[PDB]
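Student: Listed in order, the protein sequences are those of chains E, D, G, H and C.
With the deposited numbering applied, the first sequence covers 526 to 570.
With the deposited numbering applied, the second sequence covers 648 to 803.
With the deposited numbering applied, the third sequence covers 16 to 598, 739 to 968.
With the deposited numbering applied, the fourth sequence covers 1 to 135.
With the deposited numbering applied, the fifth sequence covers 562 to 813.
Virtual Cβ for every residue (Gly too), placed ideally from N, Cα, C.
If you scroll down you'll find the structure; I have some questions about it.
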Amino acid sequence: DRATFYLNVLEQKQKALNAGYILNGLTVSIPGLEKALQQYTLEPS
Amino acid sequence: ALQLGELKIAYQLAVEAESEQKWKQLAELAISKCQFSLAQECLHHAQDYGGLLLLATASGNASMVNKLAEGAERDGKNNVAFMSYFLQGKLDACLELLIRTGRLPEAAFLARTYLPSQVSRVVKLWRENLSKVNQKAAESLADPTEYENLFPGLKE
Amino acid sequence: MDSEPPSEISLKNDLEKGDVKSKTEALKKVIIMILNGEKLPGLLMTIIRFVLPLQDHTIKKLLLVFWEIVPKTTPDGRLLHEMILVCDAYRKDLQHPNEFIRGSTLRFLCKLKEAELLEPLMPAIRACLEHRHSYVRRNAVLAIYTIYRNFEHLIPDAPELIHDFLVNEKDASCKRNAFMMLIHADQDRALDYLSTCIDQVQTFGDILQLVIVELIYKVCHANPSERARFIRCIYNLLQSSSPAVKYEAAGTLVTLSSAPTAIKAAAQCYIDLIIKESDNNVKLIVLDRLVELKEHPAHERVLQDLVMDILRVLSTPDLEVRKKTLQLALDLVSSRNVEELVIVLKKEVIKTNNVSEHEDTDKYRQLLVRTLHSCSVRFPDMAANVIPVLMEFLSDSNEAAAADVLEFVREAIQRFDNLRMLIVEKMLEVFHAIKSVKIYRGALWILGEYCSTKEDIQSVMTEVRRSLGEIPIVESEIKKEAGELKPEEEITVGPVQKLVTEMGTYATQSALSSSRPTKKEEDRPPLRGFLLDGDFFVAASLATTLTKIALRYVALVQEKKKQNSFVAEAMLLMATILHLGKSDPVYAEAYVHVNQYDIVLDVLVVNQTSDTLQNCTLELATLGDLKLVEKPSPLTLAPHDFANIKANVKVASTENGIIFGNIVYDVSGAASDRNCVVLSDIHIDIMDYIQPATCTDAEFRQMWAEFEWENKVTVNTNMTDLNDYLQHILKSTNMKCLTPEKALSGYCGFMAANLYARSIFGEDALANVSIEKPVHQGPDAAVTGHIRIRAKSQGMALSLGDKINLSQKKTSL
Amino acid sequence: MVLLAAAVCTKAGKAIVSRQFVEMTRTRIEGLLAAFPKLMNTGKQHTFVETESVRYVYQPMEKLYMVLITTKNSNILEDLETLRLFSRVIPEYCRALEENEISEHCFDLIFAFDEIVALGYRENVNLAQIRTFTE
Amino acid sequence: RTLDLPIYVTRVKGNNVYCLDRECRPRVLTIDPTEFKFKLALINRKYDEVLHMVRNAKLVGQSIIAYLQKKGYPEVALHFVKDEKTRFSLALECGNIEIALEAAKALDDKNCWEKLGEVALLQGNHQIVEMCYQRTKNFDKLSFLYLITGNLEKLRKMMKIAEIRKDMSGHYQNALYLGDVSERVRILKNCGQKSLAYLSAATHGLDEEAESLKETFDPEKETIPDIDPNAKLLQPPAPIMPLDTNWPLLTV
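Encoded structure:
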């Protein structure tokens with residue numbers, strides 16, 4: 526499903542959309558740095 | 648249709664394009680009845696280059712024998728090929744079969760036989776081939792010095 | 016005495032003792048130690064002395080026993096003569112009134128092809144010329160033939176002695192008991208006589224006549240022997256499209272797979288083949304005969320199809336038989352495979368009809384939906400059948416049960432454009448009770464594409480949009496999906512436009528619409544909102560938008576080639592995937748030479764010294780998987796001797812207990828502390844010991860998964876492709892470059908080799924050689940290749956890693 | 001020869017008693033019998049099983065294998081039939097199979113082997129016939 | 562040379578090399594004029610020097626007796642030729658296969674005779690090819706070669722000894738290759754190929770033989786196939802007086 530869309534936009538279409546879409550090709554969300562606090566409690570359990 | 652001896656009906660049933668197994672059975676049946684005609688067509692549709700040539704090279708004018716041996720020339724089925732082309736004093740593709748296979752010496756040799764003096768070119772191409780195919784003491788690159796002999800050495 | 020090789024001193028003592036039992040036991044103990052292969056000549060005079068003339072059979076039989084397994088070797092008490100201590104007083108043995116001693120004597124005497132016993136075996140046929148048993152007459156034809164074999168192919172063995180010399184074979188035919196040792200090279204008259212004998216047979220004897228002369232004009236004439244030949248003869252007179260219906264082949268055939276399900280599975284295969292010869296398309300393979308059990312009259316009682324139903328299986332008999340059976344339903348009846356796979360799939364795939372075909376494990380359910388659905392994609396007729404069955408799949412109305420159902424059907428719609436308009440209304444229904452991703456994904460796609468057909472959508476979507484469950488992947492699927500098809504053709508309190516609004520919010524935007532979407536933050540990192548956000552140029556309308564994409568199918572989608580398909584029935588496939596389908740000073744100088752394909756290690760042994768090294772012996776050793784094919788054999792290495800001695804070499808053997816280094820070579824000489832010295836000839840490696848074996852892509856893949864190969868090195872001189880240095884070197888560390896793991900294009904095209912070996916090291920060895928040969932503006936390191944390597948605990952991984960660089964040795968003495 | 005050897009085995013990893021009709025399989029006899037009969041001749045509870053390119057026919061008796069080996073064959077019925085007749089003859093000598101009692105009657109069994117199969121060709125035997133020899 | 566212990570070279574200062582191991586027990590070794598003289602000599606194309614040099618302290622198998630069969634214009638090769646294989650090899654590297662046939666003989670093998678025969682055809686001369694090819698039993702290759710070569714006498718010899726093999730692209734050839742077709746007619750009669758035998762014969766105007774085949778077997782000779790069944794076959798066979806079995810040569 527994703528492919529039919531993604532493919533068709535690259536293959537078929539202008540790629541105005543494709544171009545726009547890649548701004549680096551970044552992740553879906555940018556959170557904080559989750560690991561370190563998690564790790565602090567988790568180790569001497 | 649084979650049983651009835653209805654060659655024509657068996658022929659439609661095979662169907663001209665492929666069904667070679669049908670045609671090989673028909674071709675033999677046609678040779679048995681000594682109906683060569685139906686047989687040549689069955690063998691064509693069958694393809695059967697080795698067999699097809701035998702019926703076909705009995706021509707003495709090579710009328711439909713080159714096609715069924717065109718491949719044979721360059722497949723190393725040289726033997727099938729030579730009979731096809733040399734059959735009425737003509738060099739139809741006799742020489743050519745020999746070049747194609749890499750049996751270059753044999754084309755030179757043929758050329759000498761019927762002497763239109765084409766030998767000079769074939770011997771050269773061949774001689775060159777000896778130098779590449781590691782011969783140094785029979786290297787051939789001369790006109791008569793290093794083994795083999797280009798056309799002025801040769802004669803009719 | 017099971018096997019005790021030092022006991023020969025006690026045996027001599029036991030061999031003569033004045034007690035007959037002890038003597039018998041001793042001689043018996045000798046036999047058992049020789050048969051195993053142990054020491055025996057010390058005894059000989061003792062052994063021979065008690066027994067010789069006597070008609071007392073047991074010792075005589077024992078001595079008679081020992082003369083067919085070692086007579087030639089043992090010589091203390093025998094030596095070499097024409098009338099040896101094997102046969103001199105065994106002319107008495109041959110000429111005793113008791114048949115047993117004579118018979119036994121005849122039997123060993125004639126059995127030997129010995130030339131030091133040729134004369135005594137010839138009139139030894141006397142012992143059995145009179146035939147007190149079937150055994151005596153058989154013993155005789157076999158002994159005359161054995162005499163004929165032993166250098167008497169002419170007149171010493173061919174006529175009669177007084178009744179047989181090569182004529183028991185003739186006599187046997189007409190006598191009450193048969194047995195023809197005449198199989199080759201013997202009288203023509205007897206061969207002829209055996210033919211006559213086919214009629215007046217003796218059954219054991221018939222197997223002997225029959226190995227010699229086979230093919231009958233008859234049906235039979237009687238007895239297992241004739242019967243066994245007969246099925247061979249029948250297969251000749253009707254070869255055509257297998258035997259079809261197995262002849263007398265059936266009896267041995269069951270035992271051929273006694274372990275236990277495999278017989279039925281096989282039997283099922285033959286029975287299916289036999290039914291009919293169909294079209295023979297993709298999985299329609301039934302051969303044998305076209306009509307011999309037909310298929311499908313409408314007046315046939317109680318019909319062919321009853322047996323055909325067995326073959327349609329869920330497991331209805333056991334798993335081995337199941338895998339065979341599913342293929343077999345497909346094989347007799349379908350269009351290809353598609354027709355009978357849809358019927359078969361309808362039974363297997365999840366429903367509200369039966370709860371013996373539904374299960375709450377999501378993948379299996381999903382897979383079963385995809386298998387049913389792939390039949391439509393294959394063949395049109397199936398589209399019409401599939402969609403209503405799919406709606407029944409949905410009707411289960413567990414969150415997950417709907418979910419799996421929705422996921423395939425949505426793919427089917429991509430293939431099957433505005434044909435499945437009807438399904439949408441059914442598909443919405445179970446979308447509200449929800450605890451999973453899958454249901455949201457699928458439903459949102461059906462309801463989304465299908466919008467023109469329906470008008471419900473704010474209401475259906477909205478309960479879910481404000482409901483919870485698991486929602487990662489939901490985002491991706493709803494993002495491309497929600498608006499689609501016809502710009503304003505819905506309305507419940509949100510037309511198609513509200514949907515485009517929603518579709519955009521769910522993708523990554525924000526908007527009050529369907530009482531807000533469940534999540535907005537997309538699935539796996541690459542996907543994002545943006546493509547679709549840009550999209551919907553023309554608001555959810557078939558043009559060049561989401562609708563286009565939705566009502567179109569990505570690349571080619573046909574067959575069961577796995578392009579929107581899954582390749583038969585999901586359960587049968589697991590089994591097919593599983594099937595890997597794997598196929739004292741000493742001086743040495745040395746070089747390896749090959750003449751007339753004989754591979755030899757040339758060694759020259761040199762005594763540069765004036766000192767004595769006599770007692771000189773030369774040996775090449777067996778270390779492990781290295782072996783001598785013949786050691787160097789000269790007694791050289793003498794005062795100022797130069798010698799060339801050749802030791803032949805092999806690379807393949809079985810591990811010996813001595814050291815496992817390079818090549819051991821041993822020269823011996825004078826010295827009493829170091830009588831044997833080990834000194835070397837040029838290099839041979841540990842790597843030899845590995846054994847080459849190969850993998851296919853499936854075996855490679857399985858092993859990749861099975862154990863890690865993270866370990867990599869980059870090896871220089873892998874600049875070249877797989878074929879050149881890398882193959883040759885990989886070969887020497889008994890490896891081989893097989894199948895690929897590459898993905899080549901204009902940006903891709905590292906050469907990839909899948910390697911395998913099965914090392915004699917308790918490990919396999921595998922590797923992938925990736926050759927970094929530039930097919931991009933930024934190569935890894937340019938030409939060179941990185942070899943990712945493993946072995947089963949990666950102890951041979953390392954061998955692969957460095958033995959793909961370089962490797963060469965030469966000398967020129 | 002068609003029949004290399006006729007052999008009684010213990011799956012202790014050795015040929016307990018065995019018969020080489022003509023000098024060929026001496027030491028060879030023990031290695032074959034020792035490896036293959038341990039795995040049930042590599043069988044699955046099938047009388048014919050073939051391994052390392054040698055046909056092994058067998059019957060398990062305890063930790064022991066009564067084994068017939070061939071690497072060539074003239075007929076189906078025959079190979080079984082010599083083994084079968086052997087199996088009538090073996091408990092008369094050793095009261096089933098068992099390594100120690102098999103060992104003690106090496107002579108008995110061995111003699112039967114020569115008598116039963118002569119130069120690899122399957123002759124016939126019987127318990128009364130066996131008597132004349134060991135008398 | 563080899564010592565009887567594993568060792569480390571201490572270094573080379575002088576002709577000797579000196580060694581000490583981990584435990585540090587010595588071995589010394591004089592650098593010899595054994596292996597060293599032999600190849601110093603072979604490099605400077607001396608074979609006469611090299612024969613003396615050959616000793617059993619350095620003979621090995623392939624540094625003297627078969628390493629010297631490793632020149633594509635034989636030099637080293639000429640010197641060691643003792644192995645029937647080295648002799649075979651030597652011959653193709655010159656291109657003069659006269660020696661090949663003998664090595665090929667002494668290798669006791671057919672394959673060698675056909676491969677050297679092919680090399681032979683390459684030096685140009687077909688007498689040598691015939692002999693080889695005859696004993697490898699490639700009578701049919703010969704039959705093919707033979708008008709190409711321009712022999713007619715030799716071409717007939719091939720036909721008979723390929724008749725018996727029923728090589729239909731051997732025995733069959735030669736009849737075409739001579740101006741008259743009669744050779745085929747009998748061979749084909751023996752094959753039982755009466756049809757083929759008639760067509761071949763008939764076209765040359767040997768209708769009488771063609772008829773014999775029809776009469777012995779199934780008649781009907783009237784039929785006209787996709788090829789002629791009675792149109793002239795005549796060919797002038799080989800205008801050359803000296804044949805190409807007698808291909809001229811000088812040889813370097």
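Check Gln734/C in the structure and name its three-state DSSP category.
Tutor: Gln734/C: helix per DSSP, three-state reduction.
Student: Does the CB of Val569/G have a neighbour CB from chain E at under 8 Å?
Tutor: By this cut-off, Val569/G is an interface position.
Student: What runs of the alpha helix (DSSP H), each 4 residues or longer, lie entirely inside the stretch 619-672 of chain C?
Tutor: Whole alpha helix (DSSP H) segments, 4+ residues: 637-640, 645-655 and 659-666.
Student: Are any of the Cβ atoms in chain G nearer than 8 Å to that of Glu645/C?
Tutor: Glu645/C counts as touching chain G.
Student: Where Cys189/G and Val216/G are concerned, what is the direct C-alpha to C-alpha distance, given to the nearest angstrom?
Tutor: Between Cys189/G and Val216/G, the C-alpha separation is close to 9 Å.
Student: Which residues bound the beta strand (DSSP E) around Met61/H?
Tutor: Run containing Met61/H: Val54 to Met61, per the beta strand (DSSP E) assignment.
Student: Helix, strand or coil for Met60/G, going by three-state DSSP, please let me know.
Tutor: Three-state DSSP puts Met60/G in a helix.
Student: CA-CA distance, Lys43/G and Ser18/H?
Tutor: Computed Cα separation, rounded: 12 Å.
Student: By alpha-carbon positions, which one of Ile90/H, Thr82/H, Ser103/H and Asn126/H ends up nearest to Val117/H?
Tutor: Nearest option by C-alpha distance: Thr82/H.
Student: Where does the unbroken alpha helix (DSSP H) through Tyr911/G begin, and where does it stop?
Tutor: Premise fails: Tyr911/G lies in the beta strand (DSSP E), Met906 to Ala912, not in any alpha helix (DSSP H).
Student: Check distances from the C-beta atoms of the stretch 655-678 of chain C to those of chain D and list, in chain order, the residues that come in under 7 Å.
Tutor: Going along the stretch 655-678 of chain C in chain order, one finds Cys655, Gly656 and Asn657 with a Cβ nearer than 7 Å to chain D.
Student: For a contact meaning CB atoms closer than 7 Å, what does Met196/G contact in chain H?
Tutor: Within chain H, the residues near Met196/G are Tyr121.
Student: Give the DSSP bridge partners of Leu68/H, in chain order.
Tutor: Bridge partners of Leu68/H: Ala6/H and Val57/H.
Student: Under 9 Å Cβ-Cβ, which residues of chain G neighbour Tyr628/C?
Tutor: By Cβ distance, chain G contributes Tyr746, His748, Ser967 and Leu968.
Student: Output the distance between the C-alpha atoms of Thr704/D and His687/C, rounded to the nearest integer angstrom.
Tutor: Distance between the alpha carbons of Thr704/D and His687/C is about 26 Å.
Student: Please classify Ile555/E as buried or exposed, where buried requires at least 16 other C-beta atoms within 10 Å of its C-beta.
Tutor: With fewer than 16 other Cβ atoms within 10 Å, it is exposed.
Student: So, for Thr939/G: in the same chain, excluding its five sequence neighbours on each side, which residues have a beta-carbon less than 7 Å away from its beta-carbon?
Tutor: So the list reads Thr869, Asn871, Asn873, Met874 and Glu927, once near-sequence residues are dropped.
Student: Considering Cα atoms alone, identify which of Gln751/G, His883/G and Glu229/G is closest to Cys212/G.
Tutor: Nearest of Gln751/G, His883/G and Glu229/G to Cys212/G, Cα basis: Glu229/G.
Student: Roughly how many whole angstroms lie between the Cα atoms of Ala497/G and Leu459/G?
Tutor: Computed Cα separation, rounded: 6 Å.
Student: Would you mind reading off the limits of the alpha helix (DSSP H) that contains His941/G?
Tutor: Note, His941/G: premise wrong, no alpha helix (DSSP H); beta strand (DSSP E) at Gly940 to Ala946.
Student: Nearest to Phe21/H by CA position, among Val67/H, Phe111/H and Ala128/H, is which residue?
Tutor: The residue with the shortest Cα to Cα distance from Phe21/H is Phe111/H.
Student: Strictly by DSSP, which residues pair up with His748/G?
Tutor: In DSSP, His748/G forms a bridge with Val755/G.
Student: So what's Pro135/G in DSSP terms, helix, strand or just coil?
Tutor: Three-state DSSP puts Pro135/G in a helix.
Student: Identify whether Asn960/G lies in helix, strand or coil by the three-state DSSP scheme.
Tutor: Looking at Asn960/G - three-state DSSP - the assignment turns out to be coil, as it is neither helix nor strand.
Student: Please look up how many angstroms separate the CB atoms of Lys54/G and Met60/G, rounded, as I've assumed it's under 8 Å.
Tutor: So it is not a contact: roughly 16 Å between Cβ atoms.
Student: If you count every other CB in all the chains shown that lies within 10 Å of the CB of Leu483/G, and 16 or more means buried, which is it?
Tutor: Classification of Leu483/G: exposed, given that the 10 Å Cβ count is below 16.
Student: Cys9/H touches chain G at which residues, Cβ-Cβ below 7 Å?
Tutor: Going along chain G, no residue has its Cβ under 7 Å from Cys9/H, so there is no contact; the nearest lies around 12 Å.
Student: Is it buried or exposed, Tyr752/G, if we count other Cβ atoms within 10 angstroms and call 16 or more buried?
Tutor: It counts as exposed.
Student: Quick one: list the residues of chain C neighbouring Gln751/G, beta-carbon separation under 9 Å, in chain order.
Tutor: What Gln751/G touches in chain C: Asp644, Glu645, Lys646 and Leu668.
Student: Using a Cβ-Cβ distance under 8 Å, would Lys655/D count as near chain C?
Tutor: Not closer than 8 Å to any Cβ of chain C, the Cβ of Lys655/D fails to qualify, so no.
Student: Does the beta-carbon of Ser525/G have 16 or more other beta-carbons within 10 angstroms, so that it is buried, or is it exposed?
Tutor: Its Cβ having fewer than 16 others within 10 Å, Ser525/G is exposed.
Student: Do you know offhand how far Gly622/C's Cα is from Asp108/G's?
Tutor: Using only the alpha carbons, I get a separation of about 59 Å.
Student: State whether the stretch 727-735 of chain D contacts the stretch 707-716 of chain D, with contact taken as three or more CB pairs (one from each stretch) at a distance under 8 Å.
Tutor: At 8 Å Cβ cutoff, the stretches touch.
Student: Listed from N- to C-terminal order along the chain, which residues in the stretch 543-567 of chain E have their beta-carbon within a distance smaller than 9 Å of any beta-carbon of chain G?
Tutor: Those would be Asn543, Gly545, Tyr546, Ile547, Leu548, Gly550, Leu551, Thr552, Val553 and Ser554, in chain order.
Student: In angstroms, rounded to a whole number, what distance separates the CA positions of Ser598/G and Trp859/G?
Tutor: Going by the C-alpha atoms only, they are around 17 Å apart.
Student: Run the CB neighbour count on residue 977/G, radius 10 Å, all protein chains shown included, and call it buried at 16 or more, exposed below.
Tutor: Residue 977/G is absent from the model: chain G starts at 16 and stops at 968.
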